[PDB]
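Residue numbers (the numbering used here): 2 to 41. For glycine and all other residues, C-beta sits at the position ideal for the given N, C-alpha and C.
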Amino acid sequence: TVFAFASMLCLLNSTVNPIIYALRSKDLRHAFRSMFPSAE
């Protein structure tokens with residue numbers, strides 16, 4: 002689904018990435034705001 006990539010990129014990238022997350026660690030950045038349970 003490269004379209005999902007181009008989309009997430011156009012979105013998650015253009016709207017927040019060329020600042021700090023860039024794209025590395027982004028994987029955790031949003032997942033953190035969308036996944037991290039903080040159990041341990």
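Alpha carbon to alpha carbon, how far is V17 from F4?
Going from the Cα of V17 to the Cα of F4 covers about 18 Å.
Alpha carbon to alpha carbon, what distance is there between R25 and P19?
Roughly 11 Å separates the two Cα atoms.
CB contact flag (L13, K27, <9 Å):
It is a contact, given that the beta carbons lie within the stated cut-off.
Under the three-state reduction of DSSP, which class applies to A23: helix, strand or coil?
DSSP, read as helix, strand or coil, puts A23 in strand.
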